Amino acid sequence: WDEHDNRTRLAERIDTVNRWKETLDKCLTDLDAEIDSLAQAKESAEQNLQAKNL
Amino acid sequence: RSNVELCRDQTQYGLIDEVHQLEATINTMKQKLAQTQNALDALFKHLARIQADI
Amino acid sequence: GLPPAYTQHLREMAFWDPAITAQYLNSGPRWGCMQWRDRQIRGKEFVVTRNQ
Amino acid sequence: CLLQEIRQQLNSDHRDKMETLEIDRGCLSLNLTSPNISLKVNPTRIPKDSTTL
Amino acid sequence: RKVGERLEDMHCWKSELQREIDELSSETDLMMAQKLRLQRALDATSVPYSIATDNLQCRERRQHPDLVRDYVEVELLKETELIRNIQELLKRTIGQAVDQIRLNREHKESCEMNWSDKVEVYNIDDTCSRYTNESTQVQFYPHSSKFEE
Amino acid sequence: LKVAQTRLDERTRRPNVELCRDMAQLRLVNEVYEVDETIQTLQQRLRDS
Amino acid sequence: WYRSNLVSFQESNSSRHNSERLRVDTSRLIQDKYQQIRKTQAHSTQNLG
């Protein structure tokens, strides 16, 4: 019986770490999306400045 | 397990308790062996006695 | 229709990782540890990919 | 710049937890009648970082 | 007398095995730590690459009657090439490091196994040796070749 | 792997400005590395056999 | 003698079970790798076209 209860403990531990894993993954995906968009806005503003001498 | 992920969990305590309980059980079983051997020796004694009497 | 990880690279401003691809698609590689070899013995099972 | 550093730190943490998952599922996979099961000096020890829950 | 001699001779090897296993584990610790240091350094490397790219981009941005080229562009290109070579060499080094970790752990496991074996055998003979003629644990068990193997 | 490398090779001959770091190059290098790890795993299975 | 016999037969059974469970997942890995390679190849040719 002691063996069995230890097995159940490890089961719950692994389940919790799994769900934390998936949340972290989705956050990283959003990270990439926002980084790309920020880049785009930066270049656009840059040429907007570039035209400002004519 | 690397760096900060090394954690003190209920699993650790459960395993340690298993180990200690296990040593106790080990000792008690050996004691039972001792008493049973004593009984066997005594019975052989009386067997020899009886055969001589016969 | 493509992952933003590759969209980020196919550009001009240097921002991509000092690596090959994104990781969240991948698995145990990129500097993993505990590769498990099952020593062969006459007497006990031969569990392989004990990863179940 | 700041978001760059955030990206790298999060990636590091992710790979660490993946390591932990690999190890403990391997442990659970291990069971009775195993090939490498042995006895080791003082398993009752505590490691040398000792982080609480 | 003979059996006691054997016991002491075992105890020797047991001691040295324990000690050497301990140094092995310490070495594993040190190498793991240095590997992590390398990893974070590789993390640190990336920023100046972006800085240099922005530098060259902004310098390109310029008005018609001024567009020139010297060390500045040449040296910046040298920076970029240097950076790239640095990354590739870092990756190869970390690969070799992790393979070394693998080999170390494998040998650790093997020696640990054999030490376990010696411990059980030594304890068995210790439990054996306290026998005496008058005492218990005294039986008729028949001869057989398994005893003589 | 043979054919994938082959297709990768030549495109660095292209003249000055039309040479690009195309998503073709991206996906090609991804395929190269990925099939490398695939090969390693299969050889390990072989040893097991 | 009785113990020797039992040992022999149980050992045989252990070996056989090992081999079977190896067969299953090896077979699995074969086709999954094949299909993913096909998918990547098609992706590449599409882009360059």
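Every read-out reported here was derived from the displayed coordinates using simple, explicitly stated rules and does not represent laboratory data. All Cβ positions, even for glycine, are placed from backbone atoms using ideal geometry, and neighbour counts span all protein chains on display.
Note down the net charge around C:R50, summing +1 for each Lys or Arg and -1 for each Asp or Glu among other residues with Cβ under 15 Å from its Cβ.
On the way: positive: C:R37, C:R39, C:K44, D:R25, F:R45, G:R21; negative: C:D38, C:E45, D:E22, D:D24, E:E109, F:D48, G:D25.
The answer is -1.
List the trypsin sites (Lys or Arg not before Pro) within segment E:1-76 that DSSP assigns to loop and that have no more than 16 neighbouring Cβ atoms inside 10 Å. Numbers along the way, then the final one.
On the way: sites: E:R1, E:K2, E:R6, E:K14, E:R19, E:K35, E:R37, E:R40, E:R59, E:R61, E:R62, E:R69; in loops: E:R1, E:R61, E:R62, E:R69.
Passing both the DSSP loop test and the Cβ count: E:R1, E:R61, E:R62, E:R69.
Pairs of Cα atoms under 8 Å, at least six residues apart: use those to get the relative contact order of chain E, whole percent. Mind showing how you got there, number by number?
Working: 36 pairs, mean separation 72.6, N = 149.
About 49 percent, as a whole number.
Can you give the Rg and Dmax of chain E based on its C-alpha atoms, in angstrom?
33.2, 114
How much FRET efficiency would the formula 1/(1 + (r/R0)^6) give for E:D66 and F:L19, where r is the Cβ-Cβ distance and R0 is 35 Å, rounded to 0.05? Walk me through the numbers before you get to the answer.
Details: r = 27 Å, r/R0 = 0.78.
After rounding, the FRET efficiency stands at 0.80.
Over the Cα atoms, compute the radius of gyration (one decimal) and Dmax (the largest Cα-Cα distance, rounded to a whole number) for the protein assembly as shown, in Å.
32.6, 135
Bin width 5 Å, origin at 0, all Cα-Cα pairs of chain B: what percent of pairs per bin?
All Cα pairs, binned at 5 Å, distribute as 4, 14, 12, 10, 9, 9, 7, 7, 6, 5, 5, 4, 3, 2, 2, 1 percent.
Taking the Cα centre of chain D as origin, sum charge times position over the Cβ atoms of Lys and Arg (+1) and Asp and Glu (-1), and report the length of that vector in debye to the nearest 20.
Values: 7 positive and 7 negative charges, 41 e Å.
So the dipole magnitude of chain D works out to roughly 200 debye.
Excluding B:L22 itself, calculate the net charge of residues whose Cβ lies under 14 Å from the Cβ of B:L22, where each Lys or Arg counts +1 and each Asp or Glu counts -1. Don't skip to the end; give the middle numbers.
Working: positive: B:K30; negative: A:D2, A:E3, B:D17, B:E18, B:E23.
So the environment of B:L22 carries a net charge of -4.
For chain G, find the longest principal axis of its Cα atoms and tell me its angle to the long axis of helix G:2-48, 0 to 90°, nearest 10.
0
Sticking with the crude label model, points 7 Å out along Cα→Cβ, report the distance from E:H143 to A:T8 in nm, one decimal please.
The answer from the label model is 5.7 nm.
For chain C, take N as its residue count and report Rg(C-alpha) divided by 2.2 N^0.38 Å.
1.95
With a cut-off of 20 Å, note down the residues of segment C:1-27 whose backbone N falls inside the zone around a label point 7 Å from the Cα of A:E46 toward its beta carbon.
C:5-18
For chain G, take N as its residue count and report Rg(C-alpha) divided by 2.2 N^0.38 Å.
Working: Rg = 22.1 Å, N = 49, 2.2 N^0.38 = 9.7 Å.
In units of the globular-protein estimate, chain G measures up at 2.29.
Regarding chain D, what whole-number volume in Å³ per residue does the convex hull of its Cα atoms give? Walk me through the intermediate numbers first.
Working: hull volume 7.6 nm³, N = 53.
Convex hull volume per residue, Cα atoms: 144 Å³.
Suppose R0 equals 25 Å. What FRET efficiency, 1/(1 + (r/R0)^6) with r the Cβ-Cβ distance, do D:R45 and B:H20 give to the nearest 0.05? Provide the component values of the computation, followed by the final result.
Working: r = 15 Å, r/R0 = 0.59.
In this case the efficiency is close to 0.95.
Could you state, as a whole-number percent, how many of the C-alpha pairs of chain F are farther apart than 18 Å?
Numbers: 533 of 1176 pairs.
That tail contains 45 percent of the Cα-Cα pairs.
With the dipole of chain E worked out from charges on the C-beta (+1 for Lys and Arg, -1 for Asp and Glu) around the Cα centre, which of E:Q100, E:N55, E:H11 lies farthest toward the positive end?
Comparing the listed Cα positions along the dipole, E:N55 ranks first.
Over the Cα atoms of segment E:78-149, compute the convex hull volume and normalise it per residue, giving Å³.
119
About its Cα centre, how strong a charge dipole does chain E have in debye, to the nearest 20, once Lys and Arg get +1 and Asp and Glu get -1 at the Cβ?
Numbers: 22 positive and 30 negative charges, 105 e Å.
Around 500 debye, computed over chain E.
So which residue, out of C:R30, C:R42, C:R11, gets the largest mean-square fluctuation from a GNM of chain C using Cα contacts under 10 Å as springs?
Result: C:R42 has the largest fluctuation of those listed.
Quick one: dipole size for chain F, taken about the Cα centre, charges +1 on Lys/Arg Cβ and -1 on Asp/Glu Cβ, in debye to the nearest 20. Don't skip to the end; give the middle numbers.
Numbers: 9 positive and 9 negative charges, 29 e Å.
Computed charge dipole of chain F: roughly 140 debye.
Helix D:2-29: angle to the longest alpha-carbon principal axis of chain D, degrees 0 to 90, nearest 10?
10
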